[PDB]
Amino acid sequence: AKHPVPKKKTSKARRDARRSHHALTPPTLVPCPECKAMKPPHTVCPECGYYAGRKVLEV
Amino acid sequence: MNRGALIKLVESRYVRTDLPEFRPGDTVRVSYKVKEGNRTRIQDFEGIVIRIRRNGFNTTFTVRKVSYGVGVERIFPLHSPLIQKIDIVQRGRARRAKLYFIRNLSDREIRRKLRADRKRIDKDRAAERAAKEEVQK
Amino acid sequence: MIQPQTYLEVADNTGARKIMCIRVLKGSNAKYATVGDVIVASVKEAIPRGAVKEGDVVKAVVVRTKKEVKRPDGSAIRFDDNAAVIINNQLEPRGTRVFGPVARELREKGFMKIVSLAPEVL
Amino acid sequence: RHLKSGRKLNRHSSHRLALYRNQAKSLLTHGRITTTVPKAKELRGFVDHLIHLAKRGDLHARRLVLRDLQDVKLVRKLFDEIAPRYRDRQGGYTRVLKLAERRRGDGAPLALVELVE
Amino acid sequence: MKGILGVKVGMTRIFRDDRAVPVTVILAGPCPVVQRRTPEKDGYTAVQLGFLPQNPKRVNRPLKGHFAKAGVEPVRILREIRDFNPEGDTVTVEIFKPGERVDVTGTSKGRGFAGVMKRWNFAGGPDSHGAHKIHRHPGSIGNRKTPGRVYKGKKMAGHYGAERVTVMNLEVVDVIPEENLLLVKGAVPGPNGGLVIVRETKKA
RNA sequence: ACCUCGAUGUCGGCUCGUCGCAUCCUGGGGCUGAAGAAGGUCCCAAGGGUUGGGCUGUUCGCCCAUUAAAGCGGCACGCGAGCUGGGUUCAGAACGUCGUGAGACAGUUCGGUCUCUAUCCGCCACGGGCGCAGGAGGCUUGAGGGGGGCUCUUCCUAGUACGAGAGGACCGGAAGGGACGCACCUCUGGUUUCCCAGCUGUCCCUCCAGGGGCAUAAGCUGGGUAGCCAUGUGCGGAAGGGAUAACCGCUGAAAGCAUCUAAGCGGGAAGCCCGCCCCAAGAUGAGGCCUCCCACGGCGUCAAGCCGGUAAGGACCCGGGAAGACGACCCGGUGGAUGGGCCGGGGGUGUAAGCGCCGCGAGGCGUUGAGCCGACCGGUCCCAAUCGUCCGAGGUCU
Ligand SMILES: [Mg+2]
Ligand SMILES: [Mg+2]
Ligand SMILES: [Mg+2]
Ligand SMILES: [Mg+2]
Ligand SMILES: [Mg+2]
Ligand SMILES: [Mg+2]
Ligand SMILES: [Mg+2]
Ligand SMILES: [Mg+2]
Ligand SMILES: [Mg+2]
Ligand SMILES: [Mg+2]
């Protein structure tokens, strides 16, 4: 039981207006040079590989 | 643009070169101009060089002199337009760069820590004199 | 740089040998005192039967400093101590001799009589 | 504030310098290596320097690679097997590629550091 | 009021008669006339100046139209200067004779979020005696119920730097018509390579 | 004694100021038992400033050394969700005094736990949405606001005015200081966490040599680039313009004289306002300028918009920064030098390892100012910003 303290139960809008700045930016992405896959900028897709740096997975 | 530091050097027309070489760990004297009240003197000031702060043009060196029972130090800039003559007197082995201990421990105990770097002596003694014959012919 | 409660040495035959500053004589609310400046000191140590004995309230001029001295000719100069010469309202020093190097700085301040009897000026 | 010179860091000095020393071993033993982006972005430099000393032919260099690699059989490999493959190359002796995935329970980004070949 | 556009390269020192003058060096030459300001169509007199050429590698902005409307060539950035109506050409530092006083305006070094001491030269508090948690804290901001609030303009913790900081009455040492340079009394703001503008000193 | 018996914690100090003026200093003016300077007295005026210590809990006060002065007062005797427990009127203990007592004292002494989580207002800073009658890039004006304003000493005029000497000026001009404020790294001076070297003990690589770990979260020590700062540097207060306060006049009547006011005019303070510096168009009054972009595919039967691809531009992503808590601001994205690597310059540490010579030796000497290298200044496509995604106008009315 201590120091500063809320005085009045923060209302609903009160609680909610703070939370506008909290919604998530959806992930940005590009399509793979070769794959028909969707993939981040400046990345290596979790299926393909590249053309100067492997990734090549398996069956 | 890509000359950012050449600019300062270009500003360095105030550059001399008749300065002889040396390095921390040896004694030397300068000769300096002081507004001697009514006039100006050549204040010969002989001592040990202690620190050397290099930065191209504004490179400074600090000389220490024990005068009349008082440990003094004196800081001069290399390209100072006040150095008439300046001639070394002796050279010595370094082992370290700066030497802020001759401050505390100033005595005969420095007459054994200095020691005569006789290597550069021959070097100094070489071009000083044997190259005089490479002038008189 | 010399502040109150700072044992200076004594550079003249005035008698004393170690004094502590009280206040700087360079202005109202002023901080330090490099060379060439006058201070009020209290002789805290002095040769027996001198002209200024212990526990006195003197006026002395500072001629040394363990701080550096950015002389306006670029050059700099420093000593291994702090030393003053005891003077008076008449400014002229009260001893009959001064020893130790004294900075050029003083000569400009009209303290001619000291750089006159200087053993070496720097 | 700070950062007017230049560095990347985390955790104390010894840990940091030893970490840079453990990767080189974990690099020169494999090649393709997957760590975190900033741990990698600082690992390129600590490697090439050593690689570049090894391109030199001087046992001086070895003891300066031994200074960070306490295992000869990890460095005699580096010399007479790695360093030649980078002769006639004025630098660049390390590739680093951002990955794409990111581990569970950490959310941290990942990247790959393969010795360029 | 005269004016010229320069950039900071650093500072060293020259020597004068028999003393060392700390200076600072600035590249300010190639500033071309661009757009002026007419007391009839704009409301005042002021001359746009650009500096630091730059090959058009993004400048596809309408700023490309700005330079064709005056035969100018692509500059990095470009600023104005009031009460300065020179000749529709290129203005260099050669209007600055070794003697005039100057007024430099540059950027401030950004010192990030700041402590109230550092920011306003307070004293923080003791190193000892009590609390420990007050070695660099503000220490008291108000009274009590009267007035009850906290004043405006109250020096509190925040942000120091990145502001326009004008300094005044620096004197020119020499000037270089060969490589286009300007030198003054040293203490000029800004990092060694940033925005910095020069103009005559307000006086008589 | 109306307020607080579910805390009004009752004196100062540390920082942080703010206001008041009945003014401490500086400024302006009158009378003076004002020769001169100096002084006293009062009228106007907060602009700025009002030192550091000794003594005890002290604010109060006496003192020290200075000083242009070392002003008084309000803000809960300003300020414990900022600090301070120092005392004060807890529980312990002892001295004095009252009762035979248990205890008591507006007497004394020693010791004696001050609550990490700021909900709302307030404030210092920084952002997202929106708006600014189409959209975007860049450059500016200044309604409005804020900040600083201090002050001594010396000198020429001239030891002239004045006074009998001593003393000793007004107006003007010049130079030097003290503090305070804004910026800076060239020098001075600090740091710089592994940049360089030396040293011990131990444990390792590999026995010698050489090298690594640990002894901090550096093992210790000596030096230190960049960067950040003060003790160091540069600059500032101001000059100048107008209107005023106290005061001083000119013209002149009411009131055939007089009068600064009742019509009217001038001089007049560091004080008022411009000038100086900084923010600033959220200046719903939302500005001004230059430039670049340009219709409707179809629904909404008339409407304000809608479900989609664009322009100029922007963001996203990246590499990054003397920019920065995120965010924001700025440079660069293969036409590029943004980061890392590498080269060289600066610099830092100061003769690397090896070999050889010398010494029974620890060690020294030549290769050697060698070896190593973080930022600084530039260079070089060697590695990495490759590839691309997303947003976004289609111009209301008399
Ligand atoms: Mg003499
Ligand atoms: Mg970094
Ligand atoms: Mg950790
Ligand atoms: Mg450790
Ligand atoms: Mg402190
Ligand atoms: Mg009389
Ligand atoms: Mg006032
Ligand atoms: Mg320094
Ligand atoms: Mg610990
Ligand atoms: Mg000043």
# chains A, B, ... in the order shown; residues from 1 in each chain; ligands from 1
>>> residues_around(residues="residue 95 (chain D)", least_positions_apart="2", cutoff="6 Å", atoms="only C-alpha atoms (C1' of nucleotides)", output="MDAnalysis selection string")
(chainID D and resid 113:116) or (chainID F and resid 383)
>>> write_last_selection(atoms="C-alpha atoms (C1' of nucleotides)", output="PDB file, in the first residue's frame")
ATOM      1  CA  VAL D 113      27.406 -14.235 -41.833  1.00  0.00           C
ATOM      2  CA  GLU D 114      29.060 -16.447 -44.434  1.00  0.00           C
ATOM      3  CA  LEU D 115      32.669 -15.858 -45.364  1.00  0.00           C
ATOM      4  CA  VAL D 116      32.384 -14.432 -48.851  1.00  0.00           C
TER       5      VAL D 116
ATOM      6  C1'   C F 383      31.086  -6.856 -48.369  1.00  0.00           C
TER       7        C F 383
END
>>> residues_around(residues="region 68-85 of chain F", least_positions_apart="2", cutoff="8 Å", atoms="only C-alpha atoms (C1' of nucleotides)", output="PyMOL selection string")
(chain A and resi 3-4) or (chain E and resi 129-131+134+137-147) or (chain F and resi 13-14+18-20+23-26+50-51+87+114+151-152)
>>> select_by_dssp(residues="region 23-101 of chain D", states="helix (DSSP H, G or I)", output="VMD selection string")
chain D and resid 23 to 28 37 to 41 43 to 55 59 to 66 72 to 86
>>> residues_near_ligand(ligand="ligand 9", cutoff="12 Å", atoms="only C-alpha atoms (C1' of nucleotides) and all ligand atoms", output="ChimeraX atom specification")
/D:12 /F:216-217
>>> residues_around(residues="residue 77 (chain B)", least_positions_apart="3", cutoff="12 Å", atoms="only C-alpha atoms (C1' of nucleotides)", output="PDB file with N, CA and C atoms (P, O5', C5', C4', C3', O3' and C1' of nucleotides), in the first residue's frame")
ATOM      1  N   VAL B  15      54.321  28.608 -41.757  1.00  0.00           N
ATOM      2  CA  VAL B  15      55.014  27.362 -41.465  1.00  0.00           C
ATOM      3  C   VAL B  15      56.510  27.566 -41.632  1.00  0.00           C
ATOM      4  N   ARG B  16      57.267  27.162 -40.623  1.00  0.00           N
ATOM      5  CA  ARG B  16      58.717  27.219 -40.614  1.00  0.00           C
ATOM      6  C   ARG B  16      59.272  25.812 -40.800  1.00  0.00           C
ATOM      7  N   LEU B  19      63.642  24.526 -37.863  1.00  0.00           N
ATOM      8  CA  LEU B  19      63.673  23.861 -36.575  1.00  0.00           C
ATOM      9  C   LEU B  19      64.428  22.547 -36.696  1.00  0.00           C
ATOM     10  N   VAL B  30      65.902  27.262 -26.201  1.00  0.00           N
ATOM     11  CA  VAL B  30      65.285  28.075 -27.235  1.00  0.00           C
ATOM     12  C   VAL B  30      65.875  29.469 -27.133  1.00  0.00           C
ATOM     13  N   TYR B  32      63.910  33.451 -27.269  1.00  0.00           N
ATOM     14  CA  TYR B  32      62.537  33.911 -27.323  1.00  0.00           C
ATOM     15  C   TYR B  32      62.488  35.422 -27.207  1.00  0.00           C
ATOM     16  N   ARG B  51      56.840  17.086 -22.584  1.00  0.00           N
ATOM     17  CA  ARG B  51      55.709  16.608 -23.356  1.00  0.00           C
ATOM     18  C   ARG B  51      55.807  17.144 -24.772  1.00  0.00           C
ATOM     19  N   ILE B  52      55.242  16.403 -25.718  1.00  0.00           N
ATOM     20  CA  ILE B  52      55.114  16.846 -27.098  1.00  0.00           C
ATOM     21  C   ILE B  52      53.690  16.568 -27.547  1.00  0.00           C
ATOM     22  N   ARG B  53      52.941  17.630 -27.797  1.00  0.00           N
ATOM     23  CA  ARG B  53      51.568  17.549 -28.271  1.00  0.00           C
ATOM     24  C   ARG B  53      51.618  17.891 -29.752  1.00  0.00           C
ATOM     25  N   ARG B  54      51.538  16.875 -30.601  1.00  0.00           N
ATOM     26  CA  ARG B  54      51.611  17.081 -32.037  1.00  0.00           C
ATOM     27  C   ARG B  54      50.224  17.264 -32.629  1.00  0.00           C
ATOM     28  N   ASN B  55      50.109  18.231 -33.531  1.00  0.00           N
ATOM     29  CA  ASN B  55      48.936  18.361 -34.377  1.00  0.00           C
ATOM     30  C   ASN B  55      49.305  19.194 -35.593  1.00  0.00           C
ATOM     31  N   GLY B  56      50.239  18.692 -36.389  1.00  0.00           N
ATOM     32  CA  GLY B  56      50.608  19.332 -37.634  1.00  0.00           C
ATOM     33  C   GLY B  56      51.197  20.712 -37.458  1.00  0.00           C
ATOM     34  N   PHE B  57      50.346  21.735 -37.520  1.00  0.00           N
ATOM     35  CA  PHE B  57      50.820  23.097 -37.328  1.00  0.00           C
ATOM     36  C   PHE B  57      50.898  23.450 -35.852  1.00  0.00           C
ATOM     37  N   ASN B  58      49.760  23.415 -35.162  1.00  0.00           N
ATOM     38  CA  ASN B  58      49.715  23.768 -33.747  1.00  0.00           C
ATOM     39  C   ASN B  58      50.161  22.577 -32.903  1.00  0.00           C
ATOM     40  N   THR B  59      51.393  22.159 -33.151  1.00  0.00           N
ATOM     41  CA  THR B  59      52.049  21.178 -32.309  1.00  0.00           C
ATOM     42  C   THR B  59      52.869  21.912 -31.260  1.00  0.00           C
ATOM     43  N   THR B  60      52.663  21.553 -30.001  1.00  0.00           N
ATOM     44  CA  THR B  60      53.319  22.216 -28.890  1.00  0.00           C
ATOM     45  C   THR B  60      54.279  21.263 -28.205  1.00  0.00           C
ATOM     46  N   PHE B  61      55.249  21.848 -27.521  1.00  0.00           N
ATOM     47  CA  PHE B  61      56.144  21.094 -26.667  1.00  0.00           C
ATOM     48  C   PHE B  61      56.349  21.868 -25.377  1.00  0.00           C
ATOM     49  N   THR B  62      56.573  21.126 -24.300  1.00  0.00           N
ATOM     50  CA  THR B  62      56.695  21.679 -22.963  1.00  0.00           C
ATOM     51  C   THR B  62      58.107  21.457 -22.454  1.00  0.00           C
ATOM     52  N   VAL B  63      58.761  22.539 -22.046  1.00  0.00           N
ATOM     53  CA  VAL B  63      60.124  22.500 -21.537  1.00  0.00           C
ATOM     54  C   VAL B  63      60.086  22.793 -20.049  1.00  0.00           C
ATOM     55  N   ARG B  74      57.646  25.081 -18.948  1.00  0.00           N
ATOM     56  CA  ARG B  74      57.361  26.097 -19.945  1.00  0.00           C
ATOM     57  C   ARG B  74      56.849  25.439 -21.213  1.00  0.00           C
ATOM     58  N   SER B  80      56.106  28.688 -33.504  1.00  0.00           N
ATOM     59  CA  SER B  80      55.929  30.001 -32.916  1.00  0.00           C
ATOM     60  C   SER B  80      56.822  31.000 -33.633  1.00  0.00           C
ATOM     61  N   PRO B  81      56.295  32.121 -34.057  1.00  0.00           N
ATOM     62  CA  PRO B  81      57.101  33.091 -34.795  1.00  0.00           C
ATOM     63  C   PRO B  81      58.004  33.896 -33.883  1.00  0.00           C
ATOM     64  N   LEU B  82      58.348  33.333 -32.730  1.00  0.00           N
ATOM     65  CA  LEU B  82      59.179  34.011 -31.754  1.00  0.00           C
ATOM     66  C   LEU B  82      60.504  33.312 -31.529  1.00  0.00           C
ATOM     67  N   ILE B  83      60.701  32.137 -32.105  1.00  0.00           N
ATOM     68  CA  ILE B  83      61.918  31.366 -31.921  1.00  0.00           C
ATOM     69  C   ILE B  83      62.933  31.876 -32.932  1.00  0.00           C
TER      70      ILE B  83
ATOM     71  N   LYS C  70      48.257  30.892 -19.715  1.00  0.00           N
ATOM     72  CA  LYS C  70      48.089  31.150 -21.133  1.00  0.00           C
ATOM     73  C   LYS C  70      48.509  32.567 -21.466  1.00  0.00           C
ATOM     74  N   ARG C  71      49.807  32.786 -21.573  1.00  0.00           N
ATOM     75  CA  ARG C  71      50.291  34.064 -22.043  1.00  0.00           C
ATOM     76  C   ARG C  71      49.712  34.326 -23.430  1.00  0.00           C
ATOM     77  N   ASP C  73      50.730  35.397 -26.079  1.00  0.00           N
ATOM     78  CA  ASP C  73      51.576  35.028 -27.196  1.00  0.00           C
ATOM     79  C   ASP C  73      51.502  33.556 -27.504  1.00  0.00           C
ATOM     80  N   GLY C  74      50.408  32.909 -27.128  1.00  0.00           N
ATOM     81  CA  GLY C  74      50.267  31.483 -27.310  1.00  0.00           C
ATOM     82  C   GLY C  74      50.967  30.692 -26.231  1.00  0.00           C
ATOM     83  N   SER C  75      52.194  31.091 -25.915  1.00  0.00           N
ATOM     84  CA  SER C  75      53.025  30.347 -24.992  1.00  0.00           C
ATOM     85  C   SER C  75      52.329  30.193 -23.651  1.00  0.00           C
ATOM     86  N   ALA C  76      52.808  29.230 -22.873  1.00  0.00           N
ATOM     87  CA  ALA C  76      52.300  29.000 -21.533  1.00  0.00           C
ATOM     88  C   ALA C  76      53.471  28.710 -20.614  1.00  0.00           C
ATOM     89  N   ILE C  77      53.232  28.880 -19.321  1.00  0.00           N
ATOM     90  CA  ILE C  77      54.281  28.790 -18.317  1.00  0.00           C
ATOM     91  C   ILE C  77      53.646  28.412 -16.994  1.00  0.00           C
TER      92      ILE C  77
ATOM     93  N   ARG E  13      44.732  28.483 -35.518  1.00  0.00           N
ATOM     94  CA  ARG E  13      45.174  29.805 -35.125  1.00  0.00           C
ATOM     95  C   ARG E  13      46.242  30.295 -36.082  1.00  0.00           C
ATOM     96  N   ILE E  14      46.237  31.603 -36.306  1.00  0.00           N
ATOM     97  CA  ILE E  14      47.292  32.274 -37.045  1.00  0.00           C
ATOM     98  C   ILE E  14      48.132  33.020 -36.027  1.00  0.00           C
ATOM     99  N   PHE E  15      48.955  33.938 -36.496  1.00  0.00           N
ATOM    100  CA  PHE E  15      49.673  34.829 -35.608  1.00  0.00           C
ATOM    101  C   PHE E  15      49.571  36.242 -36.149  1.00  0.00           C
ATOM    102  N   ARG E  19      51.171  37.848 -31.577  1.00  0.00           N
ATOM    103  CA  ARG E  19      50.251  37.128 -30.711  1.00  0.00           C
ATOM    104  C   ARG E  19      49.445  36.132 -31.528  1.00  0.00           C
ATOM    105  N   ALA E  20      48.924  35.127 -30.831  1.00  0.00           N
ATOM    106  CA  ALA E  20      48.224  34.014 -31.453  1.00  0.00           C
ATOM    107  C   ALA E  20      46.727  34.267 -31.424  1.00  0.00           C
TER     108      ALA E  20
ATOM    109  P     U F 186      40.749  20.682 -31.601  1.00  0.00           P
ATOM    110  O5'   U F 186      41.858  21.328 -32.524  1.00  0.00           O
ATOM    111  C5'   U F 186      41.582  22.545 -33.187  1.00  0.00           C
ATOM    112  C4'   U F 186      42.659  23.567 -32.953  1.00  0.00           C
ATOM    113  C3'   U F 186      43.354  23.496 -31.609  1.00  0.00           C
ATOM    114  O3'   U F 186      44.415  22.563 -31.627  1.00  0.00           O
ATOM    115  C1'   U F 186      42.719  25.725 -32.064  1.00  0.00           C
ATOM    116  P     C F 187      44.785  21.717 -30.323  1.00  0.00           P
ATOM    117  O5'   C F 187      45.462  22.776 -29.360  1.00  0.00           O
ATOM    118  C5'   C F 187      46.726  23.323 -29.684  1.00  0.00           C
ATOM    119  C4'   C F 187      47.103  24.443 -28.753  1.00  0.00           C
ATOM    120  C3'   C F 187      47.106  24.114 -27.277  1.00  0.00           C
ATOM    121  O3'   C F 187      48.282  23.452 -26.876  1.00  0.00           O
ATOM    122  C1'   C F 187      46.063  26.206 -27.637  1.00  0.00           C
ATOM    123  P     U F 188      48.231  22.432 -25.653  1.00  0.00           P
ATOM    124  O5'   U F 188      47.696  23.308 -24.446  1.00  0.00           O
ATOM    125  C5'   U F 188      48.516  24.293 -23.844  1.00  0.00           C
ATOM    126  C4'   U F 188      47.910  24.775 -22.557  1.00  0.00           C
ATOM    127  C3'   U F 188      47.397  23.681 -21.652  1.00  0.00           C
ATOM    128  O3'   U F 188      48.429  23.074 -20.905  1.00  0.00           O
ATOM    129  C1'   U F 188      45.783  25.391 -21.809  1.00  0.00           C
TER     130        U F 188
END
>>> interface_residues(of="chain A", to="chain F", cutoff="9 Å", atoms="only C-alpha atoms (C1' of nucleotides)", output="list in words")
residues 1, 2, 3, 4, 5, 6, 7, 8, 9, 10, 21, 28, 29, 30, 31, 32, 33, 40, 41 and 42 of chain A
>>> write_last_selection(atoms="C-alpha atoms", output="mmCIF file, in the first residue's frame")
data_model
loop_
_atom_site.group_PDB
_atom_site.id
_atom_site.type_symbol
_atom_site.label_atom_id
_atom_site.label_comp_id
_atom_site.auth_asym_id
_atom_site.auth_seq_id
_atom_site.Cartn_x
_atom_site.Cartn_y
_atom_site.Cartn_z
ATOM 1 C CA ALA A 1 0.000 0.000 0.000
ATOM 2 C CA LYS A 2 2.168 3.161 -1.208
ATOM 3 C CA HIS A 3 3.099 6.442 -2.606
ATOM 4 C CA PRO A 4 1.291 8.598 -5.381
ATOM 5 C CA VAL A 5 -2.100 7.034 -6.167
ATOM 6 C CA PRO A 6 -4.965 7.328 -8.684
ATOM 7 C CA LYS A 7 -7.774 9.387 -7.170
ATOM 8 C CA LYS A 8 -10.779 8.445 -9.289
ATOM 9 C CA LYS A 9 -11.262 5.239 -11.240
ATOM 10 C CA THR A 10 -10.105 6.218 -14.790
ATOM 11 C CA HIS A 21 -1.483 4.871 -30.213
ATOM 12 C CA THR A 28 5.527 -4.713 -44.715
ATOM 13 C CA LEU A 29 6.682 -7.280 -47.332
ATOM 14 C CA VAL A 30 7.803 -7.780 -51.000
ATOM 15 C CA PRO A 31 7.636 -10.833 -53.338
ATOM 16 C CA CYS A 32 10.699 -13.156 -53.871
ATOM 17 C CA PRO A 33 12.794 -12.591 -57.024
ATOM 18 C CA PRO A 40 10.409 -9.008 -46.131
ATOM 19 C CA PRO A 41 12.601 -6.336 -47.748
ATOM 20 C CA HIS A 42 16.329 -7.206 -47.634
#
>>> residues_near_ligand(ligand="ligand 8", cutoff="10 Å", atoms="only C-alpha atoms (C1' of nucleotides) and all ligand atoms", output="list in words")
residues 53 of chain B; 185, 187, 188, 189, 190, 191, 224, 225, 229 and 232 of chain F
>>> closest_atom_pairs(of="chain D", to="ligand 4", cutoff="12 Å", atoms="only C-alpha atoms and all ligand atoms", output="CSV")
residue,atom,partner,partner_atom_place_in_ligand_line,distance
D:12,CA,ligand 4,1 (Mg),8.9
D:13,CA,ligand 4,1 (Mg),8.0
D:14,CA,ligand 4,1 (Mg),5.9
D:15,CA,ligand 4,1 (Mg),8.5
D:16,CA,ligand 4,1 (Mg),11.0
D:17,CA,ligand 4,1 (Mg),10.9
D:18,CA,ligand 4,1 (Mg),10.8
>>> residues_near_ligand(ligand="ligand 2", cutoff="6 Å", atoms="only C-alpha atoms (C1' of nucleotides) and all ligand atoms", output="PyMOL selection string")
chain D and resi 6-8
>>> interface_residues(of="chain C", to="chain B", cutoff="8 Å", atoms="only C-alpha atoms", output="PyMOL selection string")
chain C and resi 74-80+99-101+107-108+119-120
>>> write_last_selection(atoms="C-alpha atoms", output="PDB file, in the first residue's frame")
ATOM      1  CA  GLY C  74      50.267  31.483 -27.310  1.00  0.00           C
ATOM      2  CA  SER C  75      53.025  30.347 -24.992  1.00  0.00           C
ATOM      3  CA  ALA C  76      52.300  29.000 -21.533  1.00  0.00           C
ATOM      4  CA  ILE C  77      54.281  28.790 -18.317  1.00  0.00           C
ATOM      5  CA  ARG C  78      53.810  27.150 -14.947  1.00  0.00           C
ATOM      6  CA  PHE C  79      55.628  26.477 -11.689  1.00  0.00           C
ATOM      7  CA  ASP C  80      55.656  23.722  -9.078  1.00  0.00           C
ATOM      8  CA  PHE C  99      63.945  34.925  -4.609  1.00  0.00           C
ATOM      9  CA  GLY C 100      62.362  32.557  -7.055  1.00  0.00           C
ATOM     10  CA  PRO C 101      61.361  33.232 -10.620  1.00  0.00           C
ATOM     11  CA  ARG C 107      56.131  43.681 -14.659  1.00  0.00           C
ATOM     12  CA  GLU C 108      53.148  44.838 -16.713  1.00  0.00           C
ATOM     13  CA  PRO C 119      66.649  36.900 -10.120  1.00  0.00           C
ATOM     14  CA  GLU C 120      65.036  35.565 -13.294  1.00  0.00           C
TER      15      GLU C 120
END
>>> residues_near_ligand(ligand="ligand 5", cutoff="8 Å", atoms="only C-alpha atoms (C1' of nucleotides) and all ligand atoms", output="list in words")
residues 123, 124, 125, 126, 127 and 135 of chain E
>>> interface_residues(of="chain D", to="chain E", cutoff="10 Å", atoms="only C-alpha atoms", output="PyMOL selection string")
chain D and resi 1-2+4
>>> residues_around(residues="residue 37 (chain D)", least_positions_apart="2", cutoff="10 Å", atoms="only C-alpha atoms (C1' of nucleotides)", output="list in words")
residues 34, 35, 39, 40, 41, 42, 43, 96, 97, 98, 99, 108, 109, 110, 111, 112 and 113 of chain D
>>> write_last_selection(atoms="N, CA and C atoms", output="compact mmCIF listing (two decimals), in the first residue's frame")
# COMPACT_ATOMS: atom_id res chain seq x y z
N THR D 34 24.76 -17.98 -38.36
CA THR D 34 23.53 -17.25 -38.11
C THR D 34 23.55 -16.72 -36.68
N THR D 35 23.77 -15.42 -36.53
CA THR D 35 23.55 -14.75 -35.25
C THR D 35 22.63 -13.56 -35.45
N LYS D 39 25.04 -8.12 -33.50
CA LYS D 39 26.17 -8.98 -33.21
C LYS D 39 26.94 -9.32 -34.48
N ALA D 40 26.26 -9.31 -35.62
CA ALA D 40 26.92 -9.59 -36.88
C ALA D 40 27.53 -8.33 -37.46
N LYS D 41 26.76 -7.24 -37.48
CA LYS D 41 27.24 -5.98 -38.04
C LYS D 41 28.55 -5.53 -37.42
N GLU D 42 28.83 -5.95 -36.19
CA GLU D 42 30.12 -5.70 -35.56
C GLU D 42 31.09 -6.86 -35.73
N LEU D 43 30.64 -8.00 -36.23
CA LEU D 43 31.52 -9.14 -36.36
C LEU D 43 32.28 -9.13 -37.68
N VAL D 96 27.68 -10.62 -45.06
CA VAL D 96 26.68 -10.64 -44.00
C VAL D 96 25.33 -10.34 -44.63
N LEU D 97 24.37 -11.24 -44.43
CA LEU D 97 23.06 -11.12 -45.04
C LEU D 97 21.97 -11.23 -43.99
N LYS D 98 21.05 -10.28 -44.00
CA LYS D 98 19.89 -10.35 -43.13
C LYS D 98 19.08 -11.59 -43.45
N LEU D 99 18.54 -12.23 -42.42
CA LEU D 99 17.81 -13.47 -42.66
C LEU D 99 16.40 -13.09 -43.06
N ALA D 108 13.66 -11.41 -31.63
CA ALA D 108 14.82 -10.70 -32.13
C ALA D 108 15.07 -11.01 -33.60
N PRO D 109 15.60 -10.07 -34.35
CA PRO D 109 15.92 -10.34 -35.75
C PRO D 109 17.16 -11.21 -35.87
N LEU D 110 17.31 -11.81 -37.05
CA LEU D 110 18.42 -12.71 -37.31
C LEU D 110 19.05 -12.39 -38.66
N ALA D 111 20.27 -12.89 -38.85
CA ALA D 111 21.00 -12.65 -40.08
C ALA D 111 22.04 -13.75 -40.25
N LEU D 112 22.64 -13.79 -41.43
CA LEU D 112 23.64 -14.79 -41.78
C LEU D 112 24.97 -14.11 -42.06
N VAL D 113 26.05 -14.73 -41.61
CA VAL D 113 27.41 -14.23 -41.83
C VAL D 113 28.21 -15.39 -42.42
>>> residues_around(residues="region 27-44 of chain F", least_positions_apart="5", cutoff="10 Å", atoms="only C-alpha atoms (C1' of nucleotides)", output="list in words")
residues 161, 162, 163, 167, 168, 169, 245, 246, 247, 248, 268, 269, 270 and 271 of chain F
>>> residues_around(residues="residue 55 (chain D)", least_positions_apart="4", cutoff="8 Å", atoms="only C-alpha atoms (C1' of nucleotides)", output="PyMOL selection string")
chain D and resi 51+79+83-84+86-87
>>> residues_around(residues="region 22-32 of chain C", least_positions_apart="5", cutoff="8 Å", atoms="only C-alpha atoms (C1' of nucleotides)", output="ChimeraX atom specification")
/C:1-5,37-42 /F:51-52,65-67,152,177-179
>>> residues_near_ligand(ligand="ligand 1", cutoff="10 Å", atoms="only C-alpha atoms (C1' of nucleotides) and all ligand atoms", output="ChimeraX atom specification")
/C:102,107,112-121
>>> residues_near_ligand(ligand="ligand 10", cutoff="9 Å", atoms="only C-alpha atoms (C1' of nucleotides) and all ligand atoms", output="ChimeraX atom specification")
/F:235-237
